[PDB]
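1. how would this look folded up:
(6 chains)
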Amino acid sequence: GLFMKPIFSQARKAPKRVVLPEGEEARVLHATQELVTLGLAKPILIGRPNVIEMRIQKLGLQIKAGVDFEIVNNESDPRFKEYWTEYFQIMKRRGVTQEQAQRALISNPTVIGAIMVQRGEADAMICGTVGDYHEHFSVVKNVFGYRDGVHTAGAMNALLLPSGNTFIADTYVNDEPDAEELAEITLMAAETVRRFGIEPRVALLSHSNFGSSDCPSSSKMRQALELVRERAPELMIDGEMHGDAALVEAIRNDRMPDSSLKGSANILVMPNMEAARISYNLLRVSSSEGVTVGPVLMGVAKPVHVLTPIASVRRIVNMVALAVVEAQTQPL
Amino acid sequence: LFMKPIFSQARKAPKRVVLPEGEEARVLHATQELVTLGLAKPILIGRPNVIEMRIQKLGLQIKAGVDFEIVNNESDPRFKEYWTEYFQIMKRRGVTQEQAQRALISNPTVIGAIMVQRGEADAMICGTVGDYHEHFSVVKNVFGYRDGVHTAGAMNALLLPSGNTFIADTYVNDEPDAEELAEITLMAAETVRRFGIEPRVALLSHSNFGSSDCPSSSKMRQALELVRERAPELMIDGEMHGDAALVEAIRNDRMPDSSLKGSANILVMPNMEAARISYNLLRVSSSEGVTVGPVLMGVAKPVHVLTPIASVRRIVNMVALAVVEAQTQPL
Amino acid sequence: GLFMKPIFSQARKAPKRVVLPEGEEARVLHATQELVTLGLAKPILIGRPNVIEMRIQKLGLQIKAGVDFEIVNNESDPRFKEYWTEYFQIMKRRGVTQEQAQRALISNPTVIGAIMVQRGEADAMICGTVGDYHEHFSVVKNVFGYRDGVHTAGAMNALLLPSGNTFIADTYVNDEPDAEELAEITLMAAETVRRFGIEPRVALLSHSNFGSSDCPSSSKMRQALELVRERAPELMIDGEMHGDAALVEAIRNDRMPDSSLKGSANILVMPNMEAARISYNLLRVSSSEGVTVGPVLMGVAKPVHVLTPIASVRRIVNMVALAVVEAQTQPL
Amino acid sequence: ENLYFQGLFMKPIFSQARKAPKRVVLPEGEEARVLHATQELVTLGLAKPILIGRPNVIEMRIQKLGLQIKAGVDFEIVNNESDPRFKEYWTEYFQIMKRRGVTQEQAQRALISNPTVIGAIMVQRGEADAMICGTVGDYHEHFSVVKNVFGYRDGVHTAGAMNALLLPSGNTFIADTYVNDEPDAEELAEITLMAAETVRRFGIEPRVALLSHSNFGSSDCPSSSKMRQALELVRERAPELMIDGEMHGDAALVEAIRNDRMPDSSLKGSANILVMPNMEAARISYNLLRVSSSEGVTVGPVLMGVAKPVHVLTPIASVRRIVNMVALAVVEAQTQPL
Amino acid sequence: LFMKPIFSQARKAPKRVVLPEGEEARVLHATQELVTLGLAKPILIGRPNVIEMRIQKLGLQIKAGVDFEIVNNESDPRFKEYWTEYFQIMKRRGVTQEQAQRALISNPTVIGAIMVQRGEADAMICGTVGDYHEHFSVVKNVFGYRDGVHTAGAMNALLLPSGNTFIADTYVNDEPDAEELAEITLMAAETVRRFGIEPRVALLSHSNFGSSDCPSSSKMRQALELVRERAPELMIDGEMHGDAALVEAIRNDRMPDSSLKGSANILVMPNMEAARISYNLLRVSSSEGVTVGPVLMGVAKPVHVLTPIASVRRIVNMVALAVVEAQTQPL
Amino acid sequence: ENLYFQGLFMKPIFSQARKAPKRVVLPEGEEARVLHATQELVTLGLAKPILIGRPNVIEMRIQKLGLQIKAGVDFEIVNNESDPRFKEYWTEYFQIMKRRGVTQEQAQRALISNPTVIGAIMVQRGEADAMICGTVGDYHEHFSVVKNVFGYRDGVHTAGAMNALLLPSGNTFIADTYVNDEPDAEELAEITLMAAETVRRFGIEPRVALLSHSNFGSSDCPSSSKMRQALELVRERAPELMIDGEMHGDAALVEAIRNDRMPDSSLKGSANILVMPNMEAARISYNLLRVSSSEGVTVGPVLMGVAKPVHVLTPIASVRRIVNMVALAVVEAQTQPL
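-> Numbers count the residues shown, from 1 in each chain, chains lettered A, B, ... in the order given. See the structure here:
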C-alpha cells in the first residue's frame, strides 16, 4: 500500500477535523489514538462520554477529551436546535417532519456528523463501522449532494493481488448502473487513482470477450467505453473483456494484440454490483494480501467515506488520512 | 489429486469419447496421454492426413486404427445417415436439408453429437475451438435435457486457500430464474457427491441475509426455498456475501445458527456475469493448477463444452470424467 | 360454377327472417327484391317507411311492405320500450344508461336488429353496408356473445387464386390474436369450409419457413399449430411456412418433404390483421376473377355477418342466403 | 411506358453492362444454377465472373452440365481451401470483426469455410467490383456478413430489400421483404427514398404507397401511426416525390377505389412502390402475389443501402434472375451502389 | 356570486351560442332565460316540429325565428359545405365522405362545432346528453388546442367552508403526466383570475412533502418544478394532503416556509379517479351550490361540455361564461 | 341509532373496556397528547397504560401539564435507554428479522432507539395486550415494524386502514387509506370483508360501495375492472353482505342518484363503507371531507389484518382520538383483533 505513504505525509502537512460518528466503538477509539500520534487529523467522536472515557481506560489509551479529541454528546448538545433545523431545511420536502428531524439529530450519529461537515464545524467524516452502507450513504447523498459535473456516485475497493494493486467498480452504491453512470464512475475511479500517484490502466469487464455476446450487460459496457473515450481520450482503457485478460497481458495479446490497454489493469469496472462485491469478497478472503483503502466513495460534494462493519483499525486510520487530503483539495 | 478416483474408475471400464477438434495440437497431446493411461478409447474428427502429419511433427506414438479411430469429416459412407438424422431433429428449427448437409461436413460438433446420439460413441468433449454457445446449441438441440430437468448449467472448480470450490452457472444462462437456479444447485450438489465430497452450498449476493430487496436477492431467496423442499438433507444457506460463504468466522458474526457449517465448496451465483468474472479473476490470482471445468450438467448424454484456452491436462481430466459419466449416468 | 348453389337450395326450402339494419340503402333494397324473387329469405328492413317506399319507386322495384317484406320504423314502433329495456338489461353494468339505450334503439339500426334477433322476432342479420366494421361487430358481440366453447370471433374472406378457392383469416376482428385466439380461428375456419362442402387444408403463414426466425410473431404460429393438432388431429394443417410454400407443393416438398399438408392449402391463417388485410386487398384486385362470399363472421352465438361499405348487391344476397342456413342449422 | 411491359426496364441495364463489364464474385461457384449463369454471363458479355469453390468439383460439374466456359479463360476460380492471399484476407476480416466476437482463429476458419466472407473481403479490397450470393442458405447468414464488411452508404443508417412483380396494373415493387422485421418510422422513411431512387434508375416514375389495414386514419395501431410518421419524414426530405398513405393495398393499386376515399390524394394512377409496416405483411403479400400472378419476375431481392454493389438472393432464385441481378450489380459497380 | 360580472359582460355584447340538444326540456327552459336576461343569441339544433310541440307543452314564450334560430339536422341548405369542411378535417382521421354526410345529420355536436369553426356561431354548450368523451372527441378534433398548449382539462367548482374551491382535472385525462398537469395548473390559475379570484394552487397527494416515492407522488413533485420554472408569480405548493391544502395551521406545522398562504382555492389532482371521486363525494356532502362546471380549458374555440344531470341554471351560467369567451379569448 | 349520530356507536366499546381493562403500550410516551390521553384513560378506567421514553423527561411534563397520573402508580414507564429485559428483546427481534436485513448489532440499536419495536416485542411476548402508536412521524414507519413482528391474521394476506367521517348521510367509513397504494382485486376483496366485519362490530349494518370514476362500465381503466373483479370475489365470499359497484361517490351516498342510473342495485339507501381503487383517491377524498364537514371524527385510522390488537395513528391525532382508539384496541384484546 505504498500509495498510502504520500497520503500520510500530505495529511500531517495540514491536519483537518474529521467526524467519526461511532465513537463508542473499540476500533474507532484505537484509530483515534493512532491518528493523534501520527498527527494526521483532529478527531471528533460522537457518543455518550460515559461510554467513551470508560472504554478508553479499559483499552489503556492516552487520548483524553478536550485536549486530544472533541466529544459531541448525541444525547445532550447545545447545538441540537441549530442542527435539526438545518437537516429539516434540507429534507423538509423529502419526507422529514420537524419531529422526525429532531429524533434524527439525537439517535442517528451519521446525520449529526454530516450536518457538522455541512455547517463547517468539521472538514470530513468517516462512518459505516456499524450498520449497512445505504443507511449511511442515504444520509450523505441527501445532505451533501453530488459535486458539480456529476450526476452519479460510486464506491471503489482495492486489493493487493499477485498481478499488482487492483481497484473494483461501484461495489456498494449502484446495483445495475447504466452506460452513462458507468462512464462517470470510470472517470471518477481513474481520477482517484491518478491522485494516489498511480497511472490509471482501466478494464471494463464482462463474460463477453470483445463482442462475443449481445446480452444487454455486454452491450452497456461497450457503450460506456465510447463515452469514456470521448471525455478522456488520453486515458488507458479497453474492453469489454474477460477478467483473466484484464490482469494477464499474455491472455489479452492472443485475443486483441493491438489492445490500447498495456500490461495488467489496476482498475476493474464491473457491469452490476453483484459481480463487483462477490468478486471483491471472494478475492479479498482468498487472492489478496492486505487491503489498503476501501470502500472509497467518489462523487459526493463533501469529503466523506462509508465503511463496513468488518473495517479494521488500519482501514479506519487509512480512510481518515485519505479524507484529510480530500478536504485539503476537492472531494473525490 | 481428486481426479485419481475418476481416472481409476475410468481405467476399469473405458468408453468411446469423440473429440471433434481432431487436428488441434492439444487434442492429439491429450489422445496420447488418454491411451497410455488406458482411460478412454478416443475418436478424432478431421482430415486423416492432417491428423497423421501433425502426430509426426509433434513427435507422437499414437497410430490410427490401432490406438484411436479417425472419422473423415469430408469422406465417410455414414454421411447420408447423419445429415438425415440432424435434419429430422432440426427440420422445424430453420435447418433445411441443404444446411443439414453443410452442417455434417463443416461442423465437427454436429457430426460428434449425432455419433453419441446413434450410440456409435458413448461421450463427447468439444469446445477447444470456437464459442461456448455455438457448441452448446448443437449439444442441447441434439441430446435434449435429462428427465425431470428443464435447464442446463456449467460449473468450474478452483483450489482456493479455503479448499476446493465450484462456481455456477458460468456459461449457459445469463440471468437464470429461481427455478433455473434451484435446478442448477441440485445438479451441482449431486455432481460434487460423485467426486466423493460433501456438498456445502452458499447462494451468493451483495445482499447479506435480507439486506437488499433488488430482484437479484429475492431470486436467490426464492431459489433457497425451492432447494429446501426438494433436498431437505443438502447443506445449503443464503443469500450471503462471498466472504461469509468461504470464512465461517465472518458468517457466525452475521448469522450464528446458519445450517451452512464450515466453508462452502459450491457457490451458486445470481447472473453469469457474476459467475464468470468471479471465476476468471480467482483462476489467475489464486493459481493452484487446473482440475475440472466447465462441467456441463442437465444434458441427456455425457458431454462437456470447453474453452479455446483449455490445456491438455483439462481435456484429459474432462474426458476421464465423461468416461465415468458414460458409465453410470450423465451429470 | 356456384358453390352458393347448395347454400341457396337449402335457404329456399325453409326461408328465414333476416334483419337488414341499412333498410334505406339502394343496394339493400335491390338485394331484398332479388331475395324475394329467388324466395331465399323473408326480409325485415329498418328505417323510415316514408323513405323506404319512396326509393322503391325511384329504383323501379316491385316489392311492397304489406307481404313481400316487413318494415320496422325506428322512429316509431310499439315494441320500443321492450327493446331498450332488453338492451339496457344486457348493458346496464357495461357503461349504458337507460337514456343512452333509448337513443340506441331509435338512431342505431344495428342495435335494433341485434335485439330483434336476440328476442327471436328474427333468425339472422346482415349489416355493415354503411360505417365501420367494429361499430357493428361490438354491438353483435355485446348482445349475442360467443358460441359455447368459443372465446373469440374471426372474419374469413374468399379469393379464386390459380390454386383454387382460397380463404384468409383473421381479416377484420382480431388485430393481433394470441396463440389461443389463432387456434380457435383455425378450427372455426376449418368447419366453415367443411360446411361449404370443401376439404379444409390449413397453412399458418409467416416470413419464417419452419423455424428460420425466432420473432415472437412466428413462435405464436408454432404454438397455435400444437394447440390445433391436439384439438383436431384429423384436420390437414402444417406451419409455420411462407405463402409460396402453402400454395405450390414443390416449393414445400423441397423444404419439408413429410409435410402433412398436400397440394395447395385453401385456408391461409395469418399472424396479424395487417398481414391479413394487406394480403387480401392486394390479391383481390390482382387475381380478380370473382368471389361470392365474405367477410364470413365466425364464433358469434347467432347467425350474423358484418360486411364492408363496398359490398355489392350479390354479396348481400349471397351472405343473406348463407345466414338463412346457419339459422336453419347452427351458427358459423 | 415500360412499367406496364415485361422486363423492358432492364434493357438499359444489359446495354450498360455490355459496354463495360465489371468483375462479379459468385461465392456458391459449385452450384449447378450458378455455373449456368456464368456461361450465359460470358456468352452475353455482361460480367467477368469470379467463382469460389474447389476447382475439381466446379470443372467436373461444368463438363457434366455441358458448359463450354473454361477456367482461367472465361472466368477465374478462387480455391476456398487454398489461396496465396489467405493471410491478407483473414487479417482484414479480423480487423473489421475483432471487437464483434471473432478471434484470429475464427477469422481464419471463416475465410476457408464461408465463401460469402471470402467474396465480401475480395470486393472490399478492390479485387472484385460486386458480389451476388445467397443462392444457398438463409438471407441473414449472408446479409450480416455484407453489412459488417461493407457498412451502410453515407447518410443511411438502415438497409432494405425490394422485390418486383408484374401485376395486372404494371411492374410493382415491395419493401422491406428481407432485412428489417419491424422497422421504425425513420427506417421506413430511409427505405422509401432508397426504393424511390432504385426505381428511378430503372427509368420508371416512382409512385409510392405506404400500406396498412388502416385506411387514412381508420385505426390508431402502433403500425398505422409509424406509417403516418414515415410519410411526414419522406415529404420533408423528398417533396418532389409522389407518395401518399397510410392506405389499403386495393386503394394503392386501383386509382378508382382511392378516388372514392381520398379524391385529392397526391398519389395519381397506380402505385408501383408498396412500402409495408412489417416483414410479415411484406413477405406473405409478395409470396402469395408472386405464385398467384401469372406474369413472371426479373429482379429480386434488390438489396439497398450497402456501401458496395451486392445482392443476397434466395435458394429458389432461377438461373435467369442470377444473370439479371449480376447485370444490375455491374451497372451498380459503374455509377454508384443501390 | 361571481356570475354577476360575467352575466353583466354577456348583456353588453350577446353572441351566437349553439346548443346542440335543442329537443331537450332543460335546454328549452334555459334558452328562454337567455333571451329574457338577454345573455346570448341562441341557435338550437333538432327537428323544428318537436321543438315547437315541446315549447308549448312546457309553456314557453320563445318565438322560433324571432327570439332564437332553429338549424334542422334533417334539412338545411348549408349541409353540403358542413360535411365537406368536416371531411377536410377528418379525411386522414378515418372519416369517409359517407360517414361525414351521416355525421352532419345524426351528430348535433359535430353540426354545432362546424358552425363555430365556420364563423356562423361564436360559442357552443353541449353534453346535456351522452358521455363527456363523445362530445370532447368532436370538440378536440374540429377546433384543436389553442396556441402554446398541447393539453386540455376540465375543472369543477365547490363552495367549501374555506370558500369557492376548484378541482382539476375531472373529465379529460385519466393519467395526466407531469407536463400535462403543469399545463392544466396554469390554465386553471388563469381561468380563476378571469373569475376575479387570486389563484392559490395545491398539488394534492397521499404523500406529504416527500413522504412517499410511488410514481404518482413523484409525478406531482415533477409537475410543481415545471410550474415554478414557467410561472414564478403563481402562489403554488405541493405535493401535500387535502387538509394541508385547506387549513393554514396543518400546513404550517409540516411546511412553515410554504409559499401557499391561507386555504388553496385550486386543488390539482394526480388522476381522474382521485379527482372525480373527491368532487362527487364533496358535491353531495359540501352541499351549498356552485354556478360553474365542468369548465373546459385548452381548446381553440369557446366550447364547454356539461353532464346529462346538469341543471337549467348551469346551462345558462356556462352559456353566459361562453359568451364572455366569445368576446376576449377562449379559456 | 348507531348510524346517523355523533359517537353513539362508540358507547359499547367504553362499556366493554371498563369491564376488563387491558395493558396498552404507548411508544410515544414523551408526547403531551399521549400524556393527556394517559390521564383520561386512568380517570375513565379504560386501560392500564404502559408508556415508553426517558422517565426523567416524562415526569417533568406530567407536571408542566399539571396532571395527577404518577409513574409506577397510575401507569408504568419502560425506559428505552435502560431495561432489564433488553437482551431477550433484541434477541426476539433478531429471530424475526435476521433473514430480513437486520444484524444483532442493528437489532440492539433498535430496541433502544425505536419505541414501536420495543412496543411490538412487548405485545408479541404477552407482557402487553395491545399497542397505539404513530402519534409522530410517517404511517409506514410504524406499520412496517407492526407487520414484521405480528404478521397477518389467519386466512388474511393483506392489511387495510379505515377512517370514519360523520357526513350528512351518516357515519361513513373509507378504505384503504394508508397501507396499499394500488391494491389488486384480491386485496380490495379482503379489505372490503375486513371493513364490513369492523362496521358490524360497531353494531352498524354494513352497506358497501366500490367507487370509481366509471359509473357501472362508463370506463375500461385497469382500475374499473379491478373494482368489478373485486365485486365478484366479495359476492362469492360473502353473499350476506350488501355491496354494489363500480359507481360514482354521489350514487354511493344518495339513493335518488343511484336509482336513476341503476334502478335495481343490491345497495339500498346510503353507503356507510366507501372502498377506494387506490390510496391516492382514498386519502385525498377523506382529507378534503374531514375538513369540509362540520361534524367531528371519532375513530381512524382503524388498522385491519394484523394478528395483534394494534393501530397506527397520524401526527394530527387529537387527545380524544387516541383515547377512543385505545378503547377499541382494549376490546380487540378482550376479543379478537380486527
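
2. get me the contact residues on chain A for chain F.
-> A:95, A:97, A:99-100, A:103, A:107, A:130-132, A:309 (CB under 8 Å from any CB of the partner chain). (Each C-beta comes from the backbone N, C-alpha and C, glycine too.)

3. of those, which ones also sit close to chain E?
-> Within the residues of chain A next to chain F, those near chain E by CB under 8 Å from any CB are A:95, A:97.

4. scan the residues of chain A next to chain F and report the most crowded one.
-> Among these, the one with the most neighbours (other CB atoms under 10 Å in any protein chain shown) is residue A:130, at 24 neighbours.

5. gap between residue A:184 and chain D?
-> Residue A:184 is 23 Å from chain D, where distance means CB to the nearest CB, to the nearest Å.

6. I'd say that residue and residue A:151 touch.
-> Yes. Between residue A:184 and residue A:151 there is a contact at 7.1 Å, judged by CB atoms under 8 Å.

7. still on that earlier bit, could I get the residues of chain A next to chain F as a markdown table with distance to residue C:7 and secondary structure?
-> Putting the residues of chain A next to chain F into a markdown table (distance: CB to CB, whole Å; DSSP: H, G, I helix; E, B strand; the rest coil) gives the following:
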| residue | distance to residue C:7 | secondary structure |
| --- | --- | --- |
| A:95 | 72 | coil |
| A:97 | 78 | coil |
| A:99 | 82 | helix |
| A:100 | 79 | helix |
| A:103 | 84 | helix |
| A:107 | 86 | helix |
| A:130 | 86 | coil |
| A:131 | 81 | coil |
| A:132 | 77 | coil |
| A:309 | 84 | coil |
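
8. list of residues touching the helix or strand in which residue A:143 is found?
-> Per DSSP states H and E, residue A:143 falls inside helix A:133-144. With contact meaning CB atoms under 8 Å, 6 or more residues apart in numbering or on different chains, helix A:133-144 is reached by A:87, A:90-91, A:94, A:108, A:110-111, A:114-115, A:117-118, A:125, A:127-128, A:153, A:155, A:172-173, A:295, A:297, A:300-302, A:304, A:306, A:308.

9. which ones are touching residue A:106?
-> By CB under 8 Å, 6+ apart, the contact list for residue A:106 reads A:74-75, A:80.

10. and the nearest residue to residue A:259 once chain neighbours are set aside, what are its phi and psi?
-> Distance criterion CB to CB, 6 or more residues apart in numbering or on different chains; nearest residue to residue A:259, sequence neighbours excluded, is residue A:238 at 4.9 Å. Residue A:238 adopts backbone torsions of phi -160, psi 160, taken as degrees, to the nearest 10.

11. residue A:238 and residue A:200: what is the separation?
-> 12 Å (CB to CB, to the nearest Å).

12. now the residue sitting furthest away from the middle of chain A: how far from residue A:210?
-> Farthest-out residue of chain A from its mean C-alpha position, per CA atoms, centre = their mean: residue A:254, at 35.6 Å. Residue A:254 is 12 Å from residue A:210, where distance means CB to CB.

13. repeat for residue A:268
-> Residue A:268 is 16 Å from residue A:210, by CB to CB.

14. break chain A into its domains for me.
-> Annotated domains of chain A cover A:4-145+A:300-328, A:154-284 [automatic domain parsing].

15. tell me which of the ones you listed sits most buried.
-> Among those, judged by mean count of other CB atoms under 10 Å in any protein chain shown, the one packed with the most neighbours on average is domain A:154-284 (a mean of 21).

16. tell me where the stretch 151-300 of chain A has helices.
-> A:179-195, A:216-231, A:243-247, A:249-253, A:273-284 (DSSP state H, counting those that start in this stretch).

17. alpha carbons only: can I get the first one in CSV?
-> Right, the one you point to is helix A:179-195. Below are the C-alpha coordinates for helix A:179-195, written out as CSV (Å, rounded to 0.1, in the frame of the first residue of the first chain):
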residue,chain,number,x,y,z
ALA,A,179,-23.8,3.2,-19.6
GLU,A,180,-23.6,6.9,-18.7
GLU,A,181,-23.5,6.1,-15.0
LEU,A,182,-20.7,3.5,-15.6
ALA,A,183,-18.8,6.1,-17.7
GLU,A,184,-18.9,8.7,-14.8
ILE,A,185,-17.7,6.0,-12.3
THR,A,186,-14.9,5.1,-14.7
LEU,A,187,-13.7,8.7,-14.9
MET,A,188,-14.0,9.2,-11.1
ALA,A,189,-12.2,5.9,-10.5
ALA,A,190,-9.4,6.9,-12.9
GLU,A,191,-9.1,10.4,-11.4
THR,A,192,-9.0,8.9,-7.9
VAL,A,193,-6.1,6.6,-8.8
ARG,A,194,-4.1,9.3,-10.5
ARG,A,195,-4.4,11.2,-7.2
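
18. and chain E, which of the contacts of helix A:133-144 contact it?
-> Applying CB under 8 Å from any CB to the contacts of helix A:133-144, those adjacent to chain E are A:91, A:94.

19. is there proximity between stretch A:290-297 and chain B?
-> No. Stretch A:290-297 does not reach chain B (CB under 8 Å from any CB); its nearest approach is 11.7 Å.

20. any idea how far residue D:100 is from whichever residue of the stretch 201-332 of chain A sits closest to chain C?
-> Nearest residue of the stretch 201-332 of chain A to chain C: residue A:214, at 13.5 Å (CB to the nearest CB). In this view, residue A:214 and residue D:100 are 10 Å apart by CB to CB.
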